[PDB]
Amino acid sequence: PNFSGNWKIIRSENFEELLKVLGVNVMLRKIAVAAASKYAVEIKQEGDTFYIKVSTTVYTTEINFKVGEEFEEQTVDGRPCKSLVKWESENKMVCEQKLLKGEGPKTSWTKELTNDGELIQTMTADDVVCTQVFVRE
């Protein structure tokens, strides 16, 4: 019932298939699946404004946004995009993305707090949904 905290991953389903849809070649997909076993997420939320840092062993990115306000980030496979985040319920946000340049699959992500105390992130590329479960550090 509050997104802020330090989260560490405990499940990661369908990641490889998502990267396949995004054109990642086989060997890098496998290395990305290994690296995704160390996903850590740090969230600072205040009202409807968010700072979010997603890190692995060697790579870290920080996102900053307000619900309803377009902002710029990168897709899972690194292509820049304009993103817009909306609420779907008390503890779930959905983000639609659109590419700055070129084209490719429609991408989107979600974040959700379960009442069991988990953080659930999904990432979608066309018809493929990757699901990732996190618990408080």
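Higher on the page you've got the structure.
Trainee: Could you give me a rundown of the environment of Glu16, with the residues and numbers involved?
Mentor: If you trace the backbone, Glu16 turns up in helix α1 (residues 15–21). As for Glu16 and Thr75, which are separated by 59 residues in sequence, their C-alpha atoms are 15 Å apart. Not counting residues up to four positions away in its chain, the partners in contact with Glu16 are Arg29, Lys30 and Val33.

Trainee: Any details on the pairing of strand β2 (residues 40–46)? Residues and values, ideally.
Mentor: Burial of β2 is extensive: five of the seven residues sit out of reach of the surface. Strand direction decides the pairing type here: strand β1 (residues 5–13) and β2, joined by four bridges, are antiparallel. Following the sheet pairing, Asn6 is matched in β2 by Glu42. Across seven bridges, β2 lies against strand β3 (residues 49–55) in antiparallel orientation. Looking at the pairing, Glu42 lines up with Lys53 of β3. Between β2 and β3, which pair antiparallel in sequence order, lie two residues; one of them, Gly47, sits at a positive phi of approximately 65 degrees.

Trainee: Describe the pattern of salt bridges, listing the residues and the values that go with them.
Mentor: Within the structure shown, the criterion is met by seven salt bridges. Note that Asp126 is salt-bridged to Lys106, the shortest N-O span being 3.3 Å. Separated by 20 residues along the polypeptide, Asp126 in the loop between β9 (119–125) and β10 (128–136) and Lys106 in the loop between β7 (92–99) and β8 (107–113) bring together distant segments of the chain. What makes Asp126 partly exposed here is its relative accessible area of 29%. When salt bridges with common partners are traced through the structure, they connect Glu16, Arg29 and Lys30 into a single cluster.

Calculation notes
- Residues numbered from 1 in each chain as written, not as in the entry; some residues may be left out.
- Heavy atoms only, no water.
- Residues with missing side-chain atoms left out of burial classes, pairs and counts.
- Helix = DSSP H or I, 4+ residues; strand = E, 2+ residues; numbered from the N terminus.
- Contact = heavy atoms within 4.5 Å.
- Buried < 20%, exposed > 50% of the residue type's maximum accessible area, 1.4 Å probe, protein only.
- Pairing = 2+ DSSP bridges.
- Salt bridge = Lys/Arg side-chain N within 4 Å of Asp/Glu carboxyl O.

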